[PDB]
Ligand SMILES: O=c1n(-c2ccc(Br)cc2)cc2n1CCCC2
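Here you get one chain, nothing else, as structure tokens; it is the form solved without the ligand.
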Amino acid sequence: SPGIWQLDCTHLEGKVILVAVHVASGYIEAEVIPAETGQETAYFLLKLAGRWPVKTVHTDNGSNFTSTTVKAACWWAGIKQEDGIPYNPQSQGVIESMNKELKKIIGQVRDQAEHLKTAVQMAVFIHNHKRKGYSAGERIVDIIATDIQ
């Protein structure tokens, strides 16, 4: 579980927000892209895996699972590329709730930036720092450090 991430794609303002969620902690990374291509997804995963020890990524849809560009990046970065079938139905609900939460936060900050990308990064910050008591940012570090040691 320390190395398992889930991709998630949501839409706002006619743009796409691509999110990676560290399953065990709820920590997220996100970016705004014009559209969700294999190339955009590949580059996002390359960034993610240089920053965290990404063992497995559950892709967000079948196009990204199929994409040879995505497969090439997963090969490059040593990531096991997996499907995102919610064999546990709870997963489906967790991601939906997360997208709702992120959109709520983006609304709360939207007037503090001209560009959506900036608002999205503010929302990532708020999400990862929120105490629920530990934050998701605290949980991911604890989980990974425990795994190392």
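Throughout, we count residues from 1 along the sequence that is shown.
A second form of this protein, the form solved in complex with the ligand, is not displayed here; the remarks below concern that form.
Contact check for residue 101: a heavy atom falls within 4.5 Å of the ligand in the deposited bound form. The shortest heavy atom separation between residue 84 and the ligand in the deposited bound form exceeds 4.5 Å. Along 120 to 134, a non-hydrogen atom within 4.5 Å of the ligand in the deposited bound form is carried by 127, 132, in order along the sequence.
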